[PDB]
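The sequence shown runs contiguously to residue 770 in PDB author numbering.
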Amino acid sequence: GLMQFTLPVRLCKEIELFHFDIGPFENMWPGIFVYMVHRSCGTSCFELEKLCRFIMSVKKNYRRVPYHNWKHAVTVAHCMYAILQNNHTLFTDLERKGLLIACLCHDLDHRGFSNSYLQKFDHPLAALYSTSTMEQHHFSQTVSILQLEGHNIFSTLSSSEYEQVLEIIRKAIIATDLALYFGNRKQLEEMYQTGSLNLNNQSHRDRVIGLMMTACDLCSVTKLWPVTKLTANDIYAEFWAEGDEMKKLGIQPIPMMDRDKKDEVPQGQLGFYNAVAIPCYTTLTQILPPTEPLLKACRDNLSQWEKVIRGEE
Ligand SMILES: Nc1ncc(OCC2CCCC2)cn1
Ligand SMILES: [Mg+2]
Ligand SMILES: [Zn+2]
Numbered sequence: 458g459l460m461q462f463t464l465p466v467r468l469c470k471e472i473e474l475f476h477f478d479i480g481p482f483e484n485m486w487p488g489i490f491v492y493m494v495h496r497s498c499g500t501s502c503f504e505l506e507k508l509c510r511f512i513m514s515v516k517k518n519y520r521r522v523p524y525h526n527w528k529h530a531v532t533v534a535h536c537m538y539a540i541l542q543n544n545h546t547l548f549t550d551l552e553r554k555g556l557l558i559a560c561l562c563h564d565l566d567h568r569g570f571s572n573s574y575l576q577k578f579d580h581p582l583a584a585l586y587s588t589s590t591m592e593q594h595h596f597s598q599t600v601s602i603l604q605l606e607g608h609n610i611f612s613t614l615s616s617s618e619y620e621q622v623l624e625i626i627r628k629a630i631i632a633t634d635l636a637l638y639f640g641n642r643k644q645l646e647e648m649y650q651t652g653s654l655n656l657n658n659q660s661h662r663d664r665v666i667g668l669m670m671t672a673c674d675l676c677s678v679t680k681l682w683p684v685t686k687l688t689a690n691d692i693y694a695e696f697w698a699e700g701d702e703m704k705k706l707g708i709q710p711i712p713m714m715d716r717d718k719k720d721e722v723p724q725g726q727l728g729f730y731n732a733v734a735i736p737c738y739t740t741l742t743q744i745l746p747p748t749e750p751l752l753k754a755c756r757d758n759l760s761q762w763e764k765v766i767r768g769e770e
């Protein structure tokens, strides 16, 4: 285990920043993830042969969809890495191990369709899992890959630590269901403001990890404008495909998913930053002050979308 991963100078420096873009070279993404695990967790956290086999099976189980693909998995993992590196002492050994794996696995086998579309289509997964449909599926796929021979990266954990890490991963992946975020953020807002937020309270830790998962999952809105703007195209490529599939079931989709209403995109992003993103990063900055650069970048991107609307770009 004297084999370190190193990145070229520009990446070695920029990877520490919240707004890092992992770049268009797919073959560098595994090495970027291993680099992050080594610095975030330690060079001993995982057996490298097992980790590499885990990563390549996870990659194979992401689909070639415009947005919810392998690049998203690694991008979301990198956002978690930056949060963990700016909040060193706040998180246990198992949490750091668990959360980067949770982020890598959080959208496993995504087909580019919302929980709503599965329900309206009457997909088998909607019968198996009544709520957080895709998210229970992502966690199921995680456990499946973990159970493949030579893929159990948690092998050296005790039985109790193993149940703990798999519970961190399960709660973290379920928390990426945006329908759960609204209630979770509201509850964290109340607890921070009334002064009852207690990081020794496991149910409180769970909620804070939940908000971090939402924060990492939405992190396209916290990049530099050229990345945010170009990621928005991939996000909308999926929304519009889903809108088309709604129209095939004889259902008018919400306007955000209707490709006849592309003109309304900039105003839809405004609503989304105001309703979801800004509140998310505001509450996260309150609980974890060193994540402030995410809120700042989100506010900058909101300002850029206001400029699109005024015809200034
Ligand atoms: N930039 C961005 N990122 C995520 C978004 O999700 C939109 C939700 C509303 C219904 C579908 C999910 C939107 N815009
Ligand atoms: Mg998801
Ligand atoms: Zn995601």
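A virtual CB, placed ideally from N, CA and C, is assigned to each residue, including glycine.
| query | result |
| --- | --- |
| Any residue whose CB is nearer than 5 angstroms to a heavy atom belonging to ligand 3, listed in chain order | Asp564, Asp674 |
| Start-end ranges of the alpha helix (DSSP H) lying completely within the segment 616-653, minimum 4 residues | 616-631, 635-651 |
| Straight-line gap, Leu751 to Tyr738 (C-alpha atoms, nearest Å) | 6 angstroms |
| Distance CB(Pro710)-CB(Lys718) smaller than 7 angstroms | no |
| Buried versus exposed call for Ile602 [16 or more other C-beta atoms within 10 Å across all chains shown] | buried |
| Where the alpha helix (DSSP H) containing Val491 begins and where it ends | 486-498 |
| Any non-hydrogen atom of ligand 1 closer than 6 angstroms to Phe570 Cβ | no |
| Given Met513 as reference, the closest of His535, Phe490, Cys755, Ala672 once Cα atoms are compared | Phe490 |
| Nearest candidate by alpha-carbon position, reference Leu706, set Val522, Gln461, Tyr574 | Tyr574 |
| Range of the contiguous alpha helix (DSSP H) that encloses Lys507 | 505-517 |
| 4-residue-minimum alpha helix (DSSP H) runs that sit fully inside the segment 513-600, ordered along the chain | 527-543, 550-562, 572-578, 581-585 |
| N-terminal and C-terminal residue of the alpha helix (DSSP H) that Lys705 is part of | 682-705 |
| 8 angstroms contact criterion, which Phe475 and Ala539 should meet: CB distance rounded | 5 angstroms |
| Touch test, the segment 650-660 against the segment 473-488, Cβ-Cβ under 8 angstroms, three pairs minimum | no |
| First and last residue of the uninterrupted alpha helix (DSSP H) at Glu721 | Segment: none, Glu721 is in no alpha helix (DSSP H) and carries neither H nor E. |
| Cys673 in three-state terms, based on DSSP | helix |
| heavy atom of ligand 2 below 6 angstroms from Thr633 C-beta | yes |
| Contact set for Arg553: own chain, Cβ-Cβ below 6 angstroms, skip 5 residues either direction | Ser497, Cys498, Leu541 |
| Range covered by the alpha helix (DSSP H) that runs through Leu468 | 466-471 |
| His594 versus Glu624: straight-line alpha-carbon distance, rounded | 15 angstroms |
| Inter-residue Cα distance where the pair is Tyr524 and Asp691 | 5 angstroms |
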